[PDB]
Amino acid sequence: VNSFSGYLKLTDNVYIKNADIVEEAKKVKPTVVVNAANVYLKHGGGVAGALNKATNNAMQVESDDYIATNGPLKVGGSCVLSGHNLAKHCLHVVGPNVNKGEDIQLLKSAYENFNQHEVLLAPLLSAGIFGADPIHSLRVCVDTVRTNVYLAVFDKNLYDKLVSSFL
Ligand SMILES: CS(=O)(=O)c1c(F)cc(NC(=O)[C@H]2C[C@@H]2c2cccnc2)cc1F
Ligand SMILES: [Cl-]
């Protein structure tokens, strides 16, 4: 039993809700919140910009030190950093950005990072400003993630379409 509330159950391990991931994280304080990161951990907009804003820029400060030490992530890769006031940990995961021409096949590799964590609060990878089809992202999530994932979808219209079209 966990504290996630109001989710629709899609499969044995995948759950979904129309919610602002920032507000959801502040309420649940999950062990892991997933960020929709880029390879530079520049949290400018989308989910990343919102999460970072909610940390009062502490996420960005920590991220800049991470990059200075380690260099950029790979597309499809991840790193674990602090969750600040939102979660114990933040798993920064880089899905392919279609608006940069990146291989959509890397979306499966990106979701594989979730399997290293027993329970996660997450957005749909490569959705939103990353330019991929969110219906496809949900399909890859369900077919790749085996651990317990709670998906927050900000847009109510999109949430209803994802549920109604789910096979
Ligand atoms: C007062 S706060 O600082 O805690 C704070 C905050 F800075 C930002 C947000 N959410 C936002 O910006 C959503 C539009 C951002 C979004 C979410 C999910 C996917 N794509 C975009 C909520 C907060 F509660
Ligand atoms: Cl977004």
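One-based numbering, in listed order, for ligands and for the atoms of each. Index from 1, following the sequence. For the numbers below, each heavy atom of this structure counts, side chains included, while hydrogens, waters and symmetry mates do not.
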| said: Looking at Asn115 and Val145, would you say the former's side chain and the latter's main chain have a donor-acceptor pair under 3.5 Å? | reply: no

| task | Using heavy-atom distances, let me know which of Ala25, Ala50, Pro123, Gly49 sits nearest atom 12 (O) of ligand 1. | result | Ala50

| query | Quick one: are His117 and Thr31 in side-chain contact, heavy atoms under 4.5 Å? | reply | no

| Which one holds for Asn56 and ligand 1: side chain close, backbone close, both close, or neither close, with close meaning a heavy atom under 4.0 Å? | neither

| query | Tell me: protein heavy atom nearest atom 7 (F) of ligand 1, and distance? | reply | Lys53 CG, 3.1 Å

| message | I want to check something: taking the side chain as every heavy atom from C-beta on, are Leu107 and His136 in contact at a cut-off of under 4.5 Å? | response | yes

| said: Looking at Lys17 and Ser5, would you say the former's side chain and the latter's main chain have a donor-acceptor pair under 3.5 Å? | reply: yes

| Looking only at protein heavy atoms, which one is nearest to atom 1 (C) of ligand 1, and how far off is it? | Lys26 NZ, 4.0 Å

| query | Any N/O of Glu23 closer than 3.5 Å to an N/O of ligand 1? | reply | no

| request: State the atoms of ligand 1, each with its element, that fall below the 4.0 Å cut-off from a heavy-atom position in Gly46. | output: 20 (N), 21 (C)

| Where is the nearest protein heavy atom to atom 10 (N) of ligand 1: which residue, which atom, and how far? | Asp20 OD2, 3.2 Å

| atom 19 (C) of ligand 1 - nearest protein heavy atom and its distance | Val47 CG2, 3.0 Å

| field | Nearest protein heavy atom with distance in Å, relative to atom 3 (O) of ligand 1 | value | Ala54 CA, 3.3 Å

| Which word best sums up how the rings of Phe4 and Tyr150 line up, parallel for under 30°, tilted for 30 to 60°, or perpendicular for over 60°? | parallel

| said: Just to confirm my output: which protein heavy-atom neighbour is closest to atom 23 (C) of ligand 1, and how far is it? | reply: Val22 CG1, 3.0 Å

| message | If we ignore hydrogens and angles and just use 3.5 Å, is the side chain of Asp64 paired with the main-chain N or O of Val61 as donor and acceptor? | response | no

| query | Mind checking whether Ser78 and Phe114 have side chains closer than 4.5 Å, heavy atoms only? | reply | no

